[PDB]
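Colleague: Handing you this structure, nothing more for now.
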Amino acid sequence: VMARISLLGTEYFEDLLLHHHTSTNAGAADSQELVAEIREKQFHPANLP
Amino acid sequence: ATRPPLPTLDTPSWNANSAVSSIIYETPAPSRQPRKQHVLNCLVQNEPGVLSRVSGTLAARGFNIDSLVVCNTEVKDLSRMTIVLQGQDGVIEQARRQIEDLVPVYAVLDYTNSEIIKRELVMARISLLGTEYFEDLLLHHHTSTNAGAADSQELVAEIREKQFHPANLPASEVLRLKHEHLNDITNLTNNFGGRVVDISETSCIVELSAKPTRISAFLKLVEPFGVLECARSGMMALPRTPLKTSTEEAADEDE
Amino acid sequence: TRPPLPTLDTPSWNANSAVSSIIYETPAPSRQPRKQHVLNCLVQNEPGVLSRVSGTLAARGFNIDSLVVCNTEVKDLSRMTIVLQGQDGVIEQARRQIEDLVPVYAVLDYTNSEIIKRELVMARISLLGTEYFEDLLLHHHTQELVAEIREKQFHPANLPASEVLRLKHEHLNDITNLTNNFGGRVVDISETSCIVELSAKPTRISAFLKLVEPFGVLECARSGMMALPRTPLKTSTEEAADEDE
Amino acid sequence: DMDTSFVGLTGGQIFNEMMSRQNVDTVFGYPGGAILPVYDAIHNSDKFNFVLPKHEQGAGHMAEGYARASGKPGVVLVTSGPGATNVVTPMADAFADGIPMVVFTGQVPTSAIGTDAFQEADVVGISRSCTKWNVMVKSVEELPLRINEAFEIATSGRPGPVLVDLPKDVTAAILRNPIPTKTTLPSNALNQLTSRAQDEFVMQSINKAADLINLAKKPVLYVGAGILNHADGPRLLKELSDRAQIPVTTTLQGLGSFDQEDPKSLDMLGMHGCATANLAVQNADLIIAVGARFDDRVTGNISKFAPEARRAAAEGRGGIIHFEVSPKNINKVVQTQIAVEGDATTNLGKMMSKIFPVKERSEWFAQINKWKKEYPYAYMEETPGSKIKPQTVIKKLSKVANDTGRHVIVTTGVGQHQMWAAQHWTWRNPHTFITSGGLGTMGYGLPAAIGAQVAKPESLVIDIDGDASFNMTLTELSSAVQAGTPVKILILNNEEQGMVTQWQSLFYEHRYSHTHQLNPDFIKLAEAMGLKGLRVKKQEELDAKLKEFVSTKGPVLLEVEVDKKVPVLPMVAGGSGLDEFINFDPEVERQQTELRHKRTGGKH
Amino acid sequence: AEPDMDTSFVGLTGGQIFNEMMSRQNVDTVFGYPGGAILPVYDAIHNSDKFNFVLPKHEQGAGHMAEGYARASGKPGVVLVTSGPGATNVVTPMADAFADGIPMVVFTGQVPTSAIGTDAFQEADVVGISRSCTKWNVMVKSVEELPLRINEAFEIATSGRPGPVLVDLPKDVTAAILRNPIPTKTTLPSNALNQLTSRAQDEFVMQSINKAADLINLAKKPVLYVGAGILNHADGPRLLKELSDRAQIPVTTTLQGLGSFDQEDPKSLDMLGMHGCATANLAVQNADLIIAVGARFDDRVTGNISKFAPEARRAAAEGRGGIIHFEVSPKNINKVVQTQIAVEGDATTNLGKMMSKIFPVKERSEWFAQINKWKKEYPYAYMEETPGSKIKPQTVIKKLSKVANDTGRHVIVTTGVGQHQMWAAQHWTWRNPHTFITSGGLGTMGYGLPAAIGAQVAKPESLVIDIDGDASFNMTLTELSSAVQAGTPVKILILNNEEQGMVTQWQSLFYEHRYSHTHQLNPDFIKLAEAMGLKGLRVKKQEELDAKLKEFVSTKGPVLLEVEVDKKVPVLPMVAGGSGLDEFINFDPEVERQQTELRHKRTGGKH
Ligand SMILES: Cc1cc2nc3c(=O)[nH]c(=O)nc-3n(C[C@H](O)[C@H](O)[C@H](O)COP(=O)(O)OP(=O)(O)OC[C@H]3O[C@@H](n4cnc5c(N)ncnc54)[C@H](O)[C@@H]3O)c2cc1C
Ligand SMILES: Cc1cc2nc3c(=O)[nH]c(=O)nc-3n(C[C@H](O)[C@H](O)[C@H](O)COP(=O)(O)OP(=O)(O)OC[C@H]3O[C@@H](n4cnc5c(N)ncnc54)[C@H](O)[C@@H]3O)c2cc1C
Ligand SMILES: Nc1ncnc2c1ncn2[C@@H]1O[C@H](COP(=O)(O)OP(=O)(O)OP(=O)(O)O)[C@@H](O)[C@H]1O
Ligand SMILES: Nc1ncnc2c1ncn2[C@@H]1O[C@H](COP(=O)(O)OP(=O)(O)OP(=O)(O)O)[C@@H](O)[C@H]1O
Ligand SMILES: COC(=O)c1ccccc1CS(=O)(=O)NC(=O)Nc1nc(OC)cc(OC)n1
Ligand SMILES: COC(=O)c1ccccc1CS(=O)(=O)NC(=O)Nc1nc(OC)cc(OC)n1
Ligand SMILES: Cc1ncc(C[n+]2csc(CCOP(=O)(O)OP(=O)(O)O)c2C)c(N)n1
Ligand SMILES: Cc1ncc(C[n+]2csc(CCOP(=O)(O)OP(=O)(O)O)c2C)c(N)n1
Ligand SMILES: [Mg+2]
Ligand SMILES: [Mg+2]
Ligand SMILES: [Mg+2]
């Protein structure tokens, strides 16, 4: 087995999946309260120094 | 939709000037210590009173002996003593001739200016509770000599009200900090080629054997954790022969 | 057909001979027993001291197996680890004899406590084998037996330079494996010898020195014994469930 | 988003509803013991018409004639076992010519699959090599989805055959759950944001193409069947050919896309193509490939294919431009210089604006008309008291059918009669020439004629067939009567396998090895099937027969006794390039006629 | 290399090697159709005196003709066609011969090796296409491998259970000239396993024979379930007679097992299965021991697998009976039904190796009581002719059976697929081996005429009758002219019911007489036969049946006979659906009259 594993934690990975899921599902700006909820989480990189 | 954001660190880079300015600034100082210490090796016949006779001679002549250790070889009635001195060559050579003249000794060799393997042994008990607790623990035993109370309250209260003092930390976080400190010390002693021989709820014992200049650096790096108890040997040595390639030793330009 | 293979045919024990082996090999004591006692002295680092404690113990005919002065990382404070043997009341006299000395803070008895006793040993140890070692000892011992030694099969003489080279490294490996098992290390390797280092119990140090003895020990140096008590901890469930009171 | 309009229906009944949803109006098939649930559902179905052949291979070939003449997918509904393996050849034929076809084959129950069941064949494993995509419907819930996927794949990109296996228990099962019908194609799911970057790539490819065309001085339009897969195909091809004055040569399957009564027509390319087209290609500085895949029958010797194009490419003044719908066929045979991925017709419209109008190409057309008036389709014409020539029959019928004023569709078999029907027939209308080129299956003429007649019931469908090819599938002669198809079967009976005998006369010292089959009484045969039989073996009888043949109100067969051992010329074979053709010469034929009689002992 | 090297082919082209290989493999006849990619081969076999050649009008004919040759002669049927369309037309015969176990070696042409995978002219993935419907296939990459692959092809096609193999021949390979010595002796991977485990396997099968004979001697109601496997050996049928006479065991046969047992014998149970007689079906269900000899328990034979052989199955749980399977391939052992005793290898060989272990029996009164009771209570019944009625199909077979028999000729019967196929199997008395050639495994329509032609080539002086159906005949009737060119005096009988009988029967019984596209437009067969160059005879009235049948057989040369038979007549008995063999649907004179009036009501008088 060979697997590339993220080091930015669960928050970023939860963010990463949502970005690539809304790129194949619909072109509309859906799931607004999901990207905003995943972000502004305590241990999301964007909220840490 | 936007890609998941990341706060870019952007680590600053050196330029040619500030880099050189850094290296020059971080330069030490040459000859900050005087003449290198001298190491003597005594071959003494193992008869009752030799340790008192040798060490008694150096004390009777005021020789500044840094360390003296007697080692038992695997030969019947034969011991080896390693002595470290300080001073000029003329004074230390005299010390050699003064010991060698003694009856129960065979010969006293001079290991200075010679390739030897200097060794030393240290065993230290290190606190796992951290810096704040070590200030509390050490100051507590000092009051058993200082005979002060009302004045020392300014210190101990200041210490126990610090952030990472065990009294102010939950029982679960103190546990992690014990093993975090343990992992730091273990990684620190492993790099020095040492061992962790004892582990307890509040402390650990490390064991290291190396040259004095290596151990002193070790005990300085472990110092911030708090050394509760230390046992550091003198210094023993075993002569080494510097190997050189057949091409390097062929350079016999003694013309 | 048959691909030939030699049958080793390893024999097996029975219930009787197996017991007969265990009974035969199991260790045994000897006449006039002896036990080890350990003392720990906390002394002030004044001029003398080393001559004082050693002199006091020698002027009273104590056994004294080692002394070993250890430096605490504290200003003007030394530490000594005295190894003794004799009856419990005899070595107790020695303890009170040293504690009476004015630079000695106290003398602690570690003989009845879980402690860590370590000893440093540095040996040179030849790589050329037993035959050369017998030659080297007899050479410095200052005939016919000299010729017989140099006529042995595995002396460096009458033996190809290639096999000597391999026997050097073969011995080097066998020594290395011993040092590794005992938790030591090879710090130096020459063309004829290899300096080894080991810090362990004196009962283990002598065990290592006995095992590497056939390889021929050129030089040797044993520090003595350094002692530091384990931080009091052994059982978890018997801490309060002792009910000894 | 779950469909629920099929709940309560059986798999066969769902199949019947899917046909109307796919705008299917005709189904070619043959019953069986595993496809019974489907046939029971389509019984007297007013949603589409049914055509019953005598052989499954017929159904497959009828579906192709239907597809190529209508542009709609050919639907085949056969059973399992032998019923499925009999449609392999027309599937392989459609897979080569790129013909839209959806073949529904029956299958043993899912409970018996893998037990060497009765009439069980690995139809998926067999048809895999000759279909764009196949599938075995695992459950009735997946059936509307699979059918939707089948029709989409069969008509997307380059058209082709797809196979859908229908287990007995699946078609009999009643749907009792909501189902997904939305297709989830992987290659289609690639288009998330890649569509933009790719749409820019093709547009920039158009720019480079338009620049190279304007720079060309001796350009040649190399046109294939890809320009016919769009309604505005032939229309835009003419618009560009008039704008830049570029001559047009077509492949065998490209015939009909360009008016051959146009001065810029170069006629057919390739092995049996005229010298005018071949020399034009070999001496062109720029080749514009529109809907063609550079077949080995076309390029001849690949080493010598268009030296002037390659030389111009190395000097940055020409080369080869390729308009292809699927990147698979780009840079597969010849190294193109500019690749225009996508629909050829669609891209020709986007490029049309960037093309500089050319008044005239004097010295280029002067050299073309020189070749054109120096290398015709010359052949040994009839003499007083001679046998009827095959090329002449094509000539006369091409005018007789043209004088009818009816829309004429022509289907052929495989061989000499096929080539002569492509050379000497004048093509002006698109989708009027339906022949098996890619795989070249014999017995293709009659069923494709029947199928095309179903697609275009008003058209005059003429089958220019050969005697050996007709014997392959003449069983469908009775199918034409039952289908009500007034097809016109023309047999150029040379009492031999001309295409093989020609290669044996040229390359094997006139050694005819089992290339002479025993033909039946085609006139007695035709009337036994329910048709009218006509025969002509005299020159002064031909023109009257060709008119009675065409003006016959219903299915009819006309056998024309033609001259034997007549080679198709010109011929580019072996290691010869397109410019190294073998042209016709009266003395050469007259000599080998004498040489053959000696080697065959007067037999042939 | 260390194996043997042959130099006999040095200087010959690939095609000229092929010509020699046919004589080295003892080939009498090659069925094929010339083409472009196969031209070098055809050029080399030009007027070859090593074998005859039969030219069909379609490649599917060539395949089916080759099958008829193999079923009759016992020799591998060779097919030589071209690439592309010629190779895709032999898929159905290959798929058919793959299921019925018929030895074929299909030689397909191929585009030059330098054009493989270039979407070349007349190029097809013939190896990939035929991979599932062949025993093994290969594309000859070089002239050096050509004689090796051919020998591998013929060996595989005849080893174990016979089957079809495909050899793809690129044009440049058959045209190139061999210049170096080459290996020829085959080394199959399957033979490397048998060579290593020879002694162990040969003892394992003997141990099974011992246990088999013990169970056979223990049986009290045994039944010999005989298939097509016993026909793949010359001494097959005779050892079957010997085993059946020695222990007094009744013999039932499959469709492809017909001819392996004399049906004049009192121990003959005749055909069993879906349209098998009730006597054989009930015997199988009530037997305590089933001895499967050369059969594979087809789903048309066992009917409902769950209800198959209840007594034989429970006898196995008591250690007094069960099922014994004589197979050549382990693939077909414990695949459909669980077997208590498996005997691997050639059935005939094992039977002749078990004769010395079977206890002689003379009388089974209790067991033959039910058998002879069933024979009288459940015969092949049908609505026989009445004064002023259409000719019945079953009657024609019965009459032709005795007419052909009263000639003294060796009669070979081939059929199509449908109702006529079953009636020709039911009402024809089979005594001689390799005399019944039909498509059962795959059931291919249009099999009758070409198989008859190919069988006629194998047996020139034999009476070859094709009992075909009108729909089946309308699949490959193009081969009528091929019969004339091949000089085969085949006898064609078309039981014309103007319908797809077998499909209409299922529609009449299971789909409420909803006839969907099961009535094709037949042509004038008499005018057809004469147009093809044959003799045509038609029988409409019932009276002319006997007089025309005699003329049909007495006629020297190929002749076609059309018999207008009654329509919408179901083949009975019938075991279908979840019905077991003992749950057959037998004939009923009242029911047929009831179904007749109901059919007229729903079809509006059209049927
Ligand atoms: C006996 C015989 C002799 C023959 N000799 C000749 C001969 O001399 N000359 C000759 O020309 N042919 C000849 N052929 C036929 C030849 O084998 C090929 O079938 C022929 O080259 C096919 O024409 P094509 O490549 O242009 O069309 P296709 O084979 O159908 O290829 C069409 C190409 O265009 C692409 N395409 C399809 N649709 C579109 C679209 N909508 N937009 C863009 N691109 C698309 C396809 O992907 C494909 O690559 C002969 C056939 C036979 C049986
Ligand atoms: C419309 C129709 C209806 C049918 N209904 C019936 C029916 O009612 N009854 C019926 O019996 N058939 C019927 N069939 C045919 C049926 O589907 C099978 O084809 C038939 O069962 C095949 O007979 P078989 O299994 O004995 O022979 P095969 O299918 O050829 O099986 C031979 C088996 O014996 C083994 N074998 C082969 N050679 C040897 C050897 N030399 N030694 C040992 N073992 C060997 C093989 O491995 C194989 O397992 C029908 C067919 C059609 C088209
Ligand atoms: N608090 C502890 N109690 C018991 N064992 C410990 C403790 N802490 C560590 N150890 C284990 O003891 C080991 C050190 O023992 P060592 O390997 O030196 O054998 P030893 O010198 O013979 O000791 P001893 O004489 O007590 O048996 C550590 O490596 C560690 O695995
Ligand atoms: N004959 C040799 N000469 C030099 N180095 C050696 C020789 N043999 C081994 N070494 C290397 O020297 C290493 C000893 O490392 P050590 O920790 O003792 O360095 P040190 O304490 O700073 O002593 P020194 O100042 O002599 O280098 C051995 O592990 C080995 O890698
Ligand atoms: C065709 O049958 C199957 O696909 C099959 C194969 C293996 C196991 C089961 C089946 C389904 S079935 O036993 O129920 N037969 C069937 O549905 N139709 C059916 N129609 C017949 O006449 C056209 C004749 C006939 O076999 C003699 N079977
Ligand atoms: C069938 O050709 C090939 O197998 C082939 C395919 C791809 C590339 C090369 C070849 C060999 S070939 O170009 O030399 N043609 C050939 O051998 N025979 C040949 N016979 C014809 O009449 C029966 C007609 C005909 O194509 C019009 N080709
Ligand atoms: C099924 C099939 N088999 C073989 C071939 C090879 N082949 C191509 S043309 C031909 C002979 C047919 O000649 P014919 O159909 O009579 O037309 P002709 O050239 O004689 O006018 C053959 C055998 C083929 N294309 N298809
Ligand atoms: C190629 C092929 N297609 C379909 C079938 C299914 N099938 C089996 S019998 C039959 C009808 C043929 O009836 P017929 O040949 O006229 O004989 P009949 O039952 O009428 O006596 C069909 C379509 C088949 N066996 N083979
Ligand atoms: Mg221990
Ligand atoms: Mg012809
Ligand atoms: Mg019929």
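So you can find residues: chains in the structure tokens are A, B, ... in the order shown, residues in each start at 1, and ligands are numbered from 1 in order.
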Select the residues contacting ligand 7 at a distance of at most 8 Å, based on only C-alpha atoms and all ligand atoms, then format the selection as a short mmCIF file (atom, residue, chain, number, x, y, z; two decimals) with N, CA, C and O atoms, in the first residue's frame.

Modeller:
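The file below, part_28.cif, is the result:
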```cif
data_model
loop_
_atom_site.label_atom_id
_atom_site.label_comp_id
_atom_site.auth_asym_id
_atom_site.auth_seq_id
_atom_site.Cartn_x
_atom_site.Cartn_y
_atom_site.Cartn_z
N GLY D 413 -22.24 -4.94 -52.23
CA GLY D 413 -21.60 -6.02 -51.51
C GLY D 413 -20.13 -5.72 -51.34
O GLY D 413 -19.76 -4.59 -51.01
N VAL D 414 -19.28 -6.71 -51.58
CA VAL D 414 -17.84 -6.52 -51.50
C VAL D 414 -17.13 -7.17 -52.69
O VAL D 414 -17.38 -8.33 -53.00
N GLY D 415 -16.26 -6.42 -53.35
CA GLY D 415 -15.50 -6.94 -54.47
C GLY D 415 -15.33 -5.94 -55.60
O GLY D 415 -15.32 -4.73 -55.37
N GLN D 416 -15.20 -6.45 -56.82
CA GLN D 416 -15.01 -5.61 -57.99
C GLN D 416 -16.25 -4.77 -58.27
O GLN D 416 -16.15 -3.60 -58.64
N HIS D 417 -17.42 -5.37 -58.09
CA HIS D 417 -18.68 -4.68 -58.33
C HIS D 417 -18.85 -3.51 -57.37
O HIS D 417 -19.50 -2.52 -57.69
N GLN D 418 -18.27 -3.64 -56.18
CA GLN D 418 -18.32 -2.59 -55.17
C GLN D 418 -17.53 -1.36 -55.62
O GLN D 418 -18.00 -0.23 -55.51
N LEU D 439 -14.64 -3.25 -42.68
CA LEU D 439 -14.47 -4.69 -42.51
C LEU D 439 -14.71 -5.43 -43.82
O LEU D 439 -14.17 -6.52 -44.03
N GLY D 440 -15.52 -4.84 -44.69
CA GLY D 440 -15.81 -5.43 -45.98
C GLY D 440 -16.48 -6.78 -45.88
O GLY D 440 -15.91 -7.80 -46.27
N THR D 441 -17.71 -6.80 -45.36
CA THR D 441 -18.45 -8.04 -45.20
C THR D 441 -19.29 -8.35 -46.44
O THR D 441 -20.08 -7.52 -46.88
N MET D 442 -19.10 -9.54 -46.99
CA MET D 442 -19.92 -9.99 -48.11
C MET D 442 -21.33 -10.32 -47.63
O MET D 442 -21.52 -10.74 -46.49
N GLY D 443 -22.31 -10.12 -48.51
CA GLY D 443 -23.69 -10.34 -48.14
C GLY D 443 -24.25 -9.16 -47.38
O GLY D 443 -25.21 -9.29 -46.62
N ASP D 465 -24.96 -5.51 -56.27
CA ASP D 465 -24.33 -6.64 -55.59
C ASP D 465 -23.55 -7.53 -56.55
O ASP D 465 -23.71 -7.43 -57.77
N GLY D 466 -22.70 -8.38 -55.99
CA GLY D 466 -21.96 -9.35 -56.78
C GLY D 466 -22.53 -10.74 -56.60
O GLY D 466 -23.29 -10.99 -55.67
N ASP D 467 -22.17 -11.65 -57.50
CA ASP D 467 -22.73 -13.00 -57.48
C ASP D 467 -22.28 -13.80 -56.26
O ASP D 467 -23.07 -14.54 -55.67
N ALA D 468 -21.02 -13.64 -55.86
CA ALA D 468 -20.49 -14.36 -54.71
C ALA D 468 -21.02 -13.76 -53.41
O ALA D 468 -21.34 -14.49 -52.47
N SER D 469 -21.11 -12.44 -53.37
CA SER D 469 -21.60 -11.74 -52.19
C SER D 469 -23.09 -12.00 -51.97
O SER D 469 -23.52 -12.17 -50.83
N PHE D 470 -23.85 -12.04 -53.05
CA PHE D 470 -25.29 -12.27 -52.96
C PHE D 470 -25.60 -13.64 -52.37
O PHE D 470 -26.58 -13.81 -51.65
N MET D 472 -24.07 -15.07 -50.06
CA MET D 472 -23.83 -15.05 -48.63
C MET D 472 -25.13 -14.93 -47.84
O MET D 472 -25.38 -15.70 -46.92
N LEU D 492 -24.13 -8.25 -60.64
CA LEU D 492 -23.13 -8.29 -61.70
C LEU D 492 -22.48 -9.67 -61.75
O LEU D 492 -21.35 -9.85 -61.30
N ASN D 493 -23.21 -10.63 -62.30
CA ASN D 493 -22.77 -12.02 -62.30
C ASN D 493 -21.62 -12.29 -63.27
O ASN D 493 -21.82 -12.40 -64.48
N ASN D 494 -20.41 -12.40 -62.73
CA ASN D 494 -19.26 -12.81 -63.51
C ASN D 494 -18.91 -14.27 -63.23
O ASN D 494 -17.88 -14.77 -63.68
N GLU D 495 -19.79 -14.93 -62.49
CA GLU D 495 -19.65 -16.34 -62.14
C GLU D 495 -18.30 -16.64 -61.49
O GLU D 495 -17.70 -17.69 -61.73
N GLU D 496 -17.83 -15.72 -60.66
CA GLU D 496 -16.54 -15.86 -60.00
C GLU D 496 -16.43 -14.93 -58.80
O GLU D 496 -17.31 -14.11 -58.54
N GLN D 497 -15.33 -15.07 -58.07
CA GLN D 497 -15.00 -14.16 -56.99
C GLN D 497 -13.97 -13.16 -57.48
O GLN D 497 -12.80 -13.22 -57.10
N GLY D 498 -14.42 -12.24 -58.33
CA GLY D 498 -13.56 -11.32 -59.06
C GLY D 498 -12.43 -10.65 -58.30
O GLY D 498 -11.31 -10.55 -58.81
N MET D 499 -12.72 -10.18 -57.09
CA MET D 499 -11.74 -9.44 -56.31
C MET D 499 -10.58 -10.33 -55.88
O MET D 499 -9.44 -9.87 -55.76
N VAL D 500 -10.86 -11.61 -55.67
CA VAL D 500 -9.83 -12.56 -55.28
C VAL D 500 -9.09 -13.09 -56.50
O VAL D 500 -7.87 -13.25 -56.48
N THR D 501 -9.83 -13.35 -57.57
CA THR D 501 -9.25 -13.85 -58.81
C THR D 501 -8.29 -12.83 -59.41
O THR D 501 -7.28 -13.20 -60.01
N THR D 515 -11.89 -20.18 -56.04
CA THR D 515 -12.49 -18.85 -56.11
C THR D 515 -13.64 -18.81 -57.12
O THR D 515 -14.02 -17.74 -57.58
N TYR E 33 -13.42 -20.81 -47.28
CA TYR E 33 -13.75 -19.78 -48.25
C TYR E 33 -12.56 -18.83 -48.40
O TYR E 33 -12.07 -18.29 -47.41
N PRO E 34 -12.10 -18.63 -49.64
CA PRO E 34 -10.90 -17.83 -49.91
C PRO E 34 -11.08 -16.35 -49.56
O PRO E 34 -12.19 -15.84 -49.54
N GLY E 35 -9.96 -15.68 -49.27
CA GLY E 35 -9.98 -14.27 -48.94
C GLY E 35 -8.60 -13.65 -49.09
O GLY E 35 -7.63 -14.35 -49.38
N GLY E 36 -8.52 -12.34 -48.89
CA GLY E 36 -7.28 -11.61 -49.11
C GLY E 36 -6.14 -11.98 -48.18
O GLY E 36 -5.04 -12.29 -48.64
N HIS E 58 -21.20 -19.46 -47.60
CA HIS E 58 -21.05 -18.66 -46.39
C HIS E 58 -20.16 -19.40 -45.40
O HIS E 58 -20.21 -20.62 -45.30
N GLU E 59 -19.33 -18.65 -44.67
CA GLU E 59 -18.36 -19.25 -43.76
C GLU E 59 -19.02 -20.02 -42.62
O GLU E 59 -18.44 -20.96 -42.09
N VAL E 81 -10.64 -20.17 -43.37
CA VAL E 81 -11.26 -18.92 -43.82
C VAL E 81 -10.29 -17.75 -43.75
O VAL E 81 -9.14 -17.91 -43.33
N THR E 82 -10.76 -16.57 -44.14
CA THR E 82 -9.92 -15.38 -44.17
C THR E 82 -10.10 -14.52 -42.92
O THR E 82 -10.78 -14.92 -41.98
N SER E 83 -9.48 -13.35 -42.92
CA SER E 83 -9.56 -12.43 -41.79
C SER E 83 -10.87 -11.66 -41.77
O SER E 83 -11.65 -11.74 -42.72
N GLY E 84 -11.10 -10.92 -40.69
CA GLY E 84 -12.26 -10.05 -40.58
C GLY E 84 -13.60 -10.76 -40.66
O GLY E 84 -13.92 -11.58 -39.80
N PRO E 85 -14.39 -10.45 -41.70
CA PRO E 85 -15.74 -10.99 -41.88
C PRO E 85 -15.75 -12.51 -42.01
O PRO E 85 -16.74 -13.14 -41.64
N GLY E 86 -14.68 -13.08 -42.54
CA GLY E 86 -14.59 -14.52 -42.69
C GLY E 86 -14.36 -15.21 -41.36
O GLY E 86 -14.74 -16.37 -41.17
N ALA E 87 -13.73 -14.50 -40.43
CA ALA E 87 -13.39 -15.06 -39.13
C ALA E 87 -14.50 -14.82 -38.11
O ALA E 87 -14.61 -15.53 -37.12
N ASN E 89 -17.64 -14.95 -38.98
CA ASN E 89 -18.77 -15.75 -39.45
C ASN E 89 -18.70 -17.19 -38.97
O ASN E 89 -19.67 -17.94 -39.08
N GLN E 122 -10.08 -5.23 -42.94
CA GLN E 122 -10.48 -6.60 -42.61
C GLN E 122 -9.72 -7.15 -41.41
O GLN E 122 -9.40 -8.34 -41.37
#
```

Colleague: Residues within 6 Å of ligand 2 (only C-alpha atoms and all ligand atoms), as an MDAnalysis selection string?

Modeller: (chainID D and resid 118) or (chainID E and resid 100:101 161 227:230 232 254:257 272:276 294:298 300:301 326:329 332 345:347 417:418 440:441 443)

Colleague: Grab the residues selected above and save them as a short mmCIF file (atom, residue, chain, number, x, y, z; two decimals), in the first residue's frame with C-alpha atoms.

Modeller:
```cif
data_model
loop_
_atom_site.label_atom_id
_atom_site.label_comp_id
_atom_site.auth_asym_id
_atom_site.auth_seq_id
_atom_site.Cartn_x
_atom_site.Cartn_y
_atom_site.Cartn_z
CA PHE D 118 -28.71 -24.08 -22.52
CA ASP E 100 -21.44 -30.05 -27.90
CA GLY E 101 -17.77 -31.02 -27.70
CA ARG E 161 -13.27 -33.58 -24.23
CA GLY E 227 -24.44 -39.22 -22.65
CA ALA E 228 -22.32 -38.25 -25.65
CA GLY E 229 -19.11 -39.26 -23.89
CA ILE E 230 -19.52 -42.95 -24.68
CA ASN E 232 -16.08 -40.57 -28.30
CA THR E 254 -29.41 -37.80 -23.74
CA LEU E 255 -30.17 -36.07 -27.04
CA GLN E 256 -26.51 -36.33 -28.03
CA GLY E 257 -26.35 -39.81 -26.53
CA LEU E 272 -34.98 -38.50 -20.98
CA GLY E 273 -35.14 -34.82 -20.04
CA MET E 274 -37.39 -31.91 -20.99
CA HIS E 275 -39.07 -33.60 -23.95
CA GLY E 276 -37.94 -37.08 -22.94
CA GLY E 294 -20.42 -39.41 -20.51
CA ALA E 295 -23.08 -36.86 -19.59
CA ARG E 296 -22.92 -33.44 -17.92
CA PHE E 297 -26.39 -33.10 -16.35
CA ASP E 298 -27.67 -30.39 -18.69
CA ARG E 300 -32.65 -29.52 -20.36
CA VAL E 301 -32.08 -32.98 -18.89
CA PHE E 326 -17.81 -41.19 -15.47
CA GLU E 327 -16.21 -37.98 -16.73
CA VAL E 328 -13.14 -37.07 -18.78
CA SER E 329 -12.97 -33.54 -17.36
CA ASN E 332 -18.03 -31.22 -15.04
CA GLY E 345 -10.83 -40.39 -17.61
CA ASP E 346 -12.24 -41.95 -20.76
CA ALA E 347 -15.57 -43.58 -19.89
CA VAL E 417 -33.65 -26.71 -33.97
CA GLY E 418 -37.28 -26.72 -32.86
CA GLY E 440 -28.19 -29.51 -28.62
CA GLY E 441 -25.73 -27.57 -26.50
CA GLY E 443 -29.18 -25.13 -30.40
#
```

Colleague: Need to verify the contact set: residue 132 in chain D, 12 Å, only C-alpha atoms, exclusion of same-chain residues closer than 6 positions in sequence. Can you return it as a list in words?

Modeller: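 Selected residues are residues 91, 92, 94, 95, 96, 98, 99, 100, 101, 102, 103, 124, 149, 150, 151, 152, 153, 154, 155, 156, 157, 158, 159, 160, 161, 162, 163 and 164 of chain D.
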